[PDB]
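Asker: the amino acid sequence is not available; the structure is as follows:
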């Protein structure tokens with residue numbers, strides 16, 4: 001059920017939004033932290 005964006009969740013054209021903590025990288029279509 002839960003398909004939130006974790007440390008590495010495929011995002012882009014046809015995907016869900018990342019969690020409040022994770023975000024979709026501009027270079028790579030994956031949900032991860034904003035920065036180490």
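Answerer: Cool, the structure landed. Residues are numbered from 1 along each chain as shown.

Asker: in this structure, which residue is closest to the centre?
Answerer: Residue closest to the average C-alpha location in the chain (Cα atoms, centre = their mean): residue 31, at 1.7 Å.

Asker: partners of the helix or strand where that residue lies in the sheet?
Answerer: Assessed by DSSP states H and E, residue 31 sits inside strand 30-32. Sheet pairing of strand 30-32 (DSSP bridges) gives strand 9-10 (antiparallel), strand 23-24 (antiparallel).

Asker: in CSV: those, plus distance to residue 16 and mean neighbour count.
Answerer: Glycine gets a C-beta too; all of them are placed from N, C-alpha and C. Formatted as CSV, the strands paired with strand 30-32 follow (distance: least, Cβ to Cβ, whole Å; neighbours: other Cβ atoms under 10 Å):
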stretch, distance to residue 16, mean neighbour count
strand 9-10, 8, 16
strand 23-24, 10, 18
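
Asker: could you dump those strands into CSV and include distance to residue 17?
Answerer: CSV is the format used below for these (distance: least, Cβ to Cβ, whole Å):
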stretch, distance to residue 17
strand 9-10, 10
strand 23-24, 8
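
Asker: distance between stretch 18-25 and the chain's centre?
Answerer: 4 Å (Cα atoms, centre = their mean, to the nearest Å).

Asker: from one end of it to the other, what's the distance?
Answerer: 10 Å (Cα to Cα, to the nearest Å).

Asker: buried residues, it. List them.
Answerer: Buried residues in stretch 18-25, counted by 16 or more other Cβ atoms under 10 Å: 18, 22-24.

Asker: same question, stretch 23-36
Answerer: For stretch 23-36, by 16+ other Cβ under 10 Å, it's 23-24, 30-32.

Asker: cheers, nothing more for now.
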